[PDB]
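Chemist: Experimental structure and its sequence below.
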2 protein chains.
Amino acid sequence: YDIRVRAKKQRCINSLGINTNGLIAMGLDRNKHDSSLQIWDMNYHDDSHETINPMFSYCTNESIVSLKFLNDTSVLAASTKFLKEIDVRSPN
Amino acid sequence: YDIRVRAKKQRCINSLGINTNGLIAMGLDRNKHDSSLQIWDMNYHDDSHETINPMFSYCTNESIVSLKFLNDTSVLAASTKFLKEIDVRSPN
């Protein structure tokens, strides 16, 4: 098909990763009131809205400039000052 | 395998539904501080804890006594006084 989606706050998408199990992550620029690593599934997305509803949100007030999906659960994200590895089964 | 899971507050599981896309719902008794329709995926469950982390929570202060998965997104839940149909793509 063809679907346009965006964050709650509209800002540049630096990085993008689509996993094997359909899970989609997003790397955005720096916004103090929104997460820069929003991970969600397209199967649970309401088609009536452009904004996404993220299952997992990380990296508030940061600028995720690169990300990669290592496996079905963990994501290796890179900010402008840090190099992170985030697992969706943990909040840390 | 074999995994035992439970709600944050331990109470009787009246109803249970496992969907085709791996999504699992749960019908519990009445607790005023916890949801009685907790929907989650087993792929994003931390194996180090017994308590579940629900992606979608509904029906607080109710006793879900029967539930059924109509399709990949909507669930037809039944409380002790109401008959509901809840879609996970909407908060209503």
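Modeler: That came through, no problem. Numbers count the residues shown, from 1 in each chain, chains lettered A, B, ... in the order given.
Chemist: Quick check: residues of chain A near chain B?
Modeler: Within chain A, the positions adjacent to chain B are A:21, A:43, A:44, A:45, A:46, A:55, A:72, A:73, A:88, A:89, A:90 by Cβ under 8 Å from any Cβ of the partner chain. Every C-beta, even on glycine, is put in place using the N, C-alpha and C of the backbone.
Chemist: same thing but 6 Å
Modeler: A:44, A:46, A:88, A:89 (Cβ under 6 Å from any Cβ of the partner chain).
Chemist: How many residues are close by the third one?
Modeler: Residue A:88 is flanked by 19 other residues according to other Cβ atoms under 10 Å in any protein chain shown.
Chemist: who does the residue lying closest to it once chain neighbours are set aside bridge with?
Modeler: Distances taken as Cβ to Cβ, 6 or more residues apart in numbering or on different chains place residue A:56 nearest to residue A:88, at 4.8 Å, with adjacent residues excluded. Note on residue A:56: beta-bridge partners by DSSP bridges are residue A:39.
Chemist: Tell me if I'm right that residue A:56 and residue A:39 touch.
Modeler: Yes. Applying Cβ atoms under 6 Å, one finds residue A:56 in contact with residue A:39, separated by 4.2 Å.
Chemist: which residues touch stretch A:39-48?
Modeler: A:22, A:23, A:25, A:52, A:54, A:55, A:56, B:88, B:89 (Cβ atoms under 6 Å, 6 or more residues apart in numbering or on different chains).
Chemist: Filter those down to the buried ones and hand me the ChimeraX line.
Modeler: Buried subset of those, written as a ChimeraX selection, criterion 16 or more other Cβ atoms under 10 Å in any protein chain shown:
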select /A:23,25,52,54,55,56 /B:88
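Chemist: Of the contacts of stretch A:39-48, which belong to strands?
Modeler: Among the contacts of stretch A:39-48, the residues falling in strands (DSSP state E) are A:23, A:25, A:56.
Chemist: So what would you say the end-to-end distance of stretch A:24-36 is?
Modeler: 13 Å (Cα to Cα, to the nearest Å).
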